[PDB]
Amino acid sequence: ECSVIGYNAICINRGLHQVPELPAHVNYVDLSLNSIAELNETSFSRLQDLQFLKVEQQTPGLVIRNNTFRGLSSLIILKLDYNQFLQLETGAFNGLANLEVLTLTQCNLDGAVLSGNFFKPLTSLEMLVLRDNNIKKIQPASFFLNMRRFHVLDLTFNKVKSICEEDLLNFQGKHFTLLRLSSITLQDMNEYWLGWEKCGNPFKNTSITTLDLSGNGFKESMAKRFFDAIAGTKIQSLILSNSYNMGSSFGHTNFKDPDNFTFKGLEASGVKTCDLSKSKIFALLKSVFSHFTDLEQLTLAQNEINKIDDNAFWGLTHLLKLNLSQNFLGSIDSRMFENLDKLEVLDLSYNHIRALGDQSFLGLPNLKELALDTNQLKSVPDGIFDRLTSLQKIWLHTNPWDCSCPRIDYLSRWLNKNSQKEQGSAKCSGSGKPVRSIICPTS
């Protein structure tokens, strides 16, 4: 009843209660959405050439007995997701010394799946996906010290109580390309927690390319203690989007915006990109980013930013890209973008902007891309763009441009001379003609 196409066997939703007879040469088999209640050593006896196997989403309670995969020395990818109440014997993965990818998302598994010997046979494991289980503590057993190519771990949507040095002892020495700790709550790691000093550095002797800590609240007082704790950890990309407790929010008193101490622990981390989007930052305070001395890209999109204080960007000597889209800046002035000499891309779209100050973009000689679209600009000051000598692209559309003369004289002429740079089309309010086409009778 399976559909066999070359080396592929598709057995999706066939009402199967056991592994069916298949040609012995197939290397990809999909057994998802069937009613297999148990896998044992006889299950894949006639399929030793397997490289890619999916047995997702059986009816609840799939049991995988010892040595089910013994003999599958060619198996590289094993996906077993959405098996509700998945039952694993401790030798379930015997023989999978060459496996590289294992996915066990939404299987009601707990922390013993990492601390027990389940993954002990998996010496070649590189990527482990454990999303949306019941893992309350991350405590890898000692055999992880010898898993030399293990570099991707996804624990998103597990309610992890806390992460501490002694928990992650057996990840020390590792370099993760991706450590995804998104929406894991960390409820115990609050500002009052007595465990902070004992917690030490969970990422001691550990480097990370992308650290995803999004969706975890990260109230300022918490972020500060957390980054103090992991100080010195080499992180190239830090993801902290949807930090719903981060920032003081729109007109409020409870929570605080980050300040010059909040991220001090990341001082020596070598962070290149930082994502703080979809949080609730209201004001950018002075030197709040001054410890990101290697940072090249920073997004603050979709916050509640109304204010940028003097020297908010102090110390950002390498920043090339700044995304401030979908905030509430309302008006731009010269002081606001000081200390950004190397900036090449600036996104100010969707900010309810009605005014640009005279020297707004003065200190940005290397700016290549400037987005000002979807605001409320009726006009700009004369000469506002003349010092942007590196400029390649500009967005000015979806603004209610006032095309009366001689008010529109500078902008219409500038947009015409620089027509190859304009992305989209700025339009006169009322008439709807391109601003670039207006020629004022005088100047």
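Position 1 is the first residue in the sequence shown; the rest follow in order.
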Subject >> Greater mean Cα temperature factor according to the PDB record, 39-47 or 61-69 >> reply: 39-47
Subject >> Stretch exceeding the other in mean C-alpha B-factor - 364-372, 244-252 >> reply: 244-252
Original post:
For the listed residues 191, 132, 275, 259, which one has the largest C-alpha B-factor as given in the deposited model?
Top reply: 191
**OP:** Divide the modelled residues of the chain into thirds by Cα B-factor and specify which third, lowest, middle or highest, holds residue 358.
**Re:** highest
Original post:
So where's residue 392 on the chain's Cα temperature factor ranking, which third?
Top reply: middle
Original post:
residue 328: which third of its chain by C-alpha temperature factor?
Top reply: lowest
Subject >> Among modelled residues of the same chain, the CA temperature factor third for residue 95 >> reply: highest
Subject >> Among modelled residues of the same chain, the CA temperature factor third for residue 33 >> reply: middle
